[PDB]
Number of protein chains: 2
Amino acid sequence: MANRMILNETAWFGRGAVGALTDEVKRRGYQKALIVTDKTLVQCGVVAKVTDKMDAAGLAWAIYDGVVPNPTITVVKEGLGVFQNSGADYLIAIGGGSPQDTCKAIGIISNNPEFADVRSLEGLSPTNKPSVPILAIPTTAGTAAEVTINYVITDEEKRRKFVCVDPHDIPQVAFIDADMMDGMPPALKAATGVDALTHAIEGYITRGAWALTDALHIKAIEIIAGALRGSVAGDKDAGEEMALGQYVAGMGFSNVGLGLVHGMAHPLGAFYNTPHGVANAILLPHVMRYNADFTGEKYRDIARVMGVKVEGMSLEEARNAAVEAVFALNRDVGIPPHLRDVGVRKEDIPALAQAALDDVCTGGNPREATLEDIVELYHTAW
Amino acid sequence: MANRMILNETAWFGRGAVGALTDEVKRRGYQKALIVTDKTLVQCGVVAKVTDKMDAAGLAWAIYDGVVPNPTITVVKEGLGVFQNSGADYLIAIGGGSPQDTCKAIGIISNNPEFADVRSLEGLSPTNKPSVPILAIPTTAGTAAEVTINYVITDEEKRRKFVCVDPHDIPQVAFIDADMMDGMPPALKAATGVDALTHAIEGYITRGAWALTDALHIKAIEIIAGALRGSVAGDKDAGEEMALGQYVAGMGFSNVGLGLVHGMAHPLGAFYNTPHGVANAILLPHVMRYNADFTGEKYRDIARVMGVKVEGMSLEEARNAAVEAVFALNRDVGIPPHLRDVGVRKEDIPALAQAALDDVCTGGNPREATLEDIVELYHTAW
Ligand SMILES: NC(=O)c1ccc[n+]([C@@H]2O[C@H](COP(=O)([O-])OP(=O)(O)OC[C@H]3O[C@@H](n4cnc5c(N)ncnc54)[C@H](O)[C@@H]3O)[C@@H](O)[C@H]2O)c1
Ligand SMILES: NC(=O)c1ccc[n+]([C@@H]2O[C@H](COP(=O)([O-])OP(=O)(O)OC[C@H]3O[C@@H](n4cnc5c(N)ncnc54)[C@H](O)[C@@H]3O)[C@@H](O)[C@H]2O)c1
Ligand SMILES: [Cl-]
Ligand SMILES: [Fe+3]
Ligand SMILES: [Fe+3]
């Protein structure tokens, strides 16, 4: 079959890309905006960075900083609520995947009221109308939610993180600039960073993978690999690189899927509020082994673009170098090696496994996985 | 400053991507389409490939096959005309850069009546409204007009081919499938193909160049370089590869510019009806030389991805390998080596040089060029 690609029809890159917002707004005559964000972000004067420009440019805006890490259906509802009573024309998502994924949720439902519940929006959410125009402004080195046609919400009730995929999510314009992301504490940079790396690697070997997708992913890996460290260390230049690499990774996996690393990470989110960045970080290497054999020459390239001199290695050799380069990075970035460090409980392995087994992302894994295979993984990752 | 990226918000790739058309139209309830095309394409049962699917899907369509190679203002007017009298909800561009560039022209003017002239639309076209939704379906290994924000028109009167640039031009969906391109005779595959390679190389070294754009271009070069030959010799899989590479190149140069090769080729089109592809083809290597020194390590990369073992080479060495790899391909592909072979006159070089000096593309050249410098070029290319 043919492959479909869904990208931002417009996107801005580099320190100060946020400056281009006011004009994008004008250029397309929007009247009022609902800013969807964190309270942490508003307090740290990050949102101000945008509202201030909007103010000077005389642009109307209202805020909703109700989002919390791992956005729940109640948050999404509260937002839709705030949205419906603002004369808001569009929305601006300032923040990581949470406020951004929340924002996409709000945009879709506000036009597909049909799906007010928000369960009914999992998988390929059967929407008939494109979401309210949304401007994405990421503040983290990961998610790439600014380009992906997907959002994940948490159903606290059913302690399970569910993924929603719909080409109707996609922002009209994405503003990617490290200036908005400089605030990230080291731990946060590392976490989001590795999430992006995870995104890149899982998309390079996902099942839908093909020419364009592979090209994008491998490049993203390359970028991420050679900068996450310096960024976590503070090098602002490396931060700008990260900002790009995470975005590139999104251009790919969004249009092609991921794998178990994400499938085995979501349940971990829903179960212990384990930061996605950290979850993937911990699994990734292990899941990579579990996948090694079903990835042809892939890992060779992965190992290469990560500094490993894969020259003269055997495919098996390379496959270990790759998995190892990863382990190496997490350690060098401060991510705990085991799930036991992040409070995962063995008595839950069975539950999680099932949660993962079902999770939408899993299907994209190059190597089918059985409940037991996964159980095995969670353990050997504990 | 920041870099802005403008891509297709939606694109389909692969043999049969045209199949996804009917649905797209539906998933976004349009009503009627004006097919902008050739007669050659019509007679060759190529447009049928689309009209047939639309008919079966019960989609209304009207055709306009008045386009000709290197489309003139009169053609663009005649089209706008036919369009303004059809009940045309949106338009579908089936064909190379001509029917596609014609189509974008028609789409823009039909919403920015302000420029019914078509000179008043050169450079950064000051349009205030986005063009009529246009679905691009390329039939050639080049142009990439389906993703670039620019169309070029011919002012037969003031015989000079002028480039028009405007983010409003951009098609809503692009359908890239080698099935539409299989008809290209070898000389055509060759010509359009090298045009694509030309785009990739020029965009890789154009002044606006940066991270994302460098990545895209270098990948495109890689793809094109490794398939054009096979495609021209008949390999359908090589054809599918080309289809992608040319599109990829578009993703880059559209958003960053080109250089002299295109600036020196346009006047050649306007003057002698020289196929854009063959013109670029002939110049390219020469212009590359004139540029070598102002392209850092760029050529080294170019040479590599073209099969050149740039291993123990000096930057000078590599730079020559690159320019050579090109000469090598043109030959292998059947493109005449001198402008004299394509009827270029030596009495006119001064005219052309001026024409090129004024061409919008030129300014992107990494090395400033003077009228005389260009004259030098046209001569050493004759
Ligand atoms: N389905 C998928 O493929 C996929 C992929 C990636 C992420 N996700 C989802 O994305 C979310 C992860 O988002 P996230 O990692 O950005 O975190 P987040 O936004 O959920 O939380 C980040 C925390 O860091 C703070 N923060 C955010 N940006 C900051 C900045 N620039 N400076 C200082 N502090 C900042 C916030 O205030 C917040 O407390 C999860 O909900 C996850 O499930 C899904
Ligand atoms: N601004 C830019 O960057 C840029 C880049 C490339 C070209 N251009 C312009 O675009 C045009 C280039 O168009 P083009 O060379 O792709 O082709 P075209 O459509 O202009 O003309 C192609 C000719 O080849 C025939 N043809 C096209 N597809 C065919 C197929 N599948 N099978 C058999 N015959 C086929 C057509 O019938 C026509 O006669 C030129 O007018 C050029 O000036 C601009
Ligand atoms: Cl108000
Ligand atoms: Fe993730
Ligand atoms: Fe061209």
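Structure determined by X-ray crystallography, 2.8 Å.
Any Cβ shown, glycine's included, is placed from N, Cα and C.
If you look up Swiss-Prot, you'll see B:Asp38, B:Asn70, B:97-98, B:139-143, B:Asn150, B:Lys161, B:180-184 marked as NAD(+) binding site, on the strength of similarity to another entry. Here Swiss-Prot flags B:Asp195, B:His199, B:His262, B:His276 as Fe cation binding site, drawing on similarity to another entry.
Feature map: annotations from Swiss-Prot on the structure.
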{"residue": "B:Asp38", "record": "NAD(+) binding site", "DSSP (3 states)": "coil"}
{"residue": "B:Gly97", "record": "NAD(+) binding site", "DSSP (3 states)": "helix"}
{"residue": "B:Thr139", "record": "NAD(+) binding site", "DSSP (3 states)": "coil"}
{"residue": "B:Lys161", "record": "NAD(+) binding site", "DSSP (3 states)": "strand"}
{"residue": "B:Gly183", "record": "NAD(+) binding site", "DSSP (3 states)": "coil"}
{"residue": "B:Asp195", "record": "Fe cation binding site", "DSSP (3 states)": "helix"}
{"residue": "B:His276", "record": "Fe cation binding site", "DSSP (3 states)": "helix"}
Neighbourhood of ligand 2 - binding-site residues from B:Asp38, B:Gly97, B:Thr139, B:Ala141, B:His276 with Cβ under 6 Å: B:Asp38, B:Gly97, B:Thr139, B:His276
Separation of alpha carbons, B:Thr143 (NAD(+) binding site) and B:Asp195 (Fe cation binding site) (Å): 7
Close-lying binding-site residues around ligand 5 among B:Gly97, B:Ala141, B:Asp195, B:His276, where CB distance stays under 6 Å: B:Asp195, B:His276
Beyond the site residues B:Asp195, B:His199, B:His262, B:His276: chain residues whose C-beta lies within 8 Å of the centroid, for Fe cation: B:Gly142, B:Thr143, B:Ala196, B:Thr198, B:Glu202, B:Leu258, B:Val261, B:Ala265, B:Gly277, B:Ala279, B:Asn280
Neighbours of B:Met181 (NAD(+) binding site) among the binding-site residues B:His199, B:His262, B:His276 (Cα to Cα, within 10 Å): none
Of B:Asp38, B:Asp195 (the binding-site residues), the residue whose Cβ has the fewest other Cβ atoms within 10 Å: B:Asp38
B:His262 (Fe cation binding site) and B:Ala141 (NAD(+) binding site), Cα-Cα, nearest whole angstrom: 17
Packing count at B:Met181 (NAD(+) binding site) (other Cβ atoms within 10 Å of its Cβ): 25
Least buried by Cβ count (within 10 Å) of the binding-site residues B:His199, B:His276: B:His276
Cβ neighbours of B:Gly183 (NAD(+) binding site) where a neighbour is any other Cβ within 10 Å: 16
Which of B:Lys161, B:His262, the listed binding-site residues, has fewest other Cβ atoms within 10 Å: B:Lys161
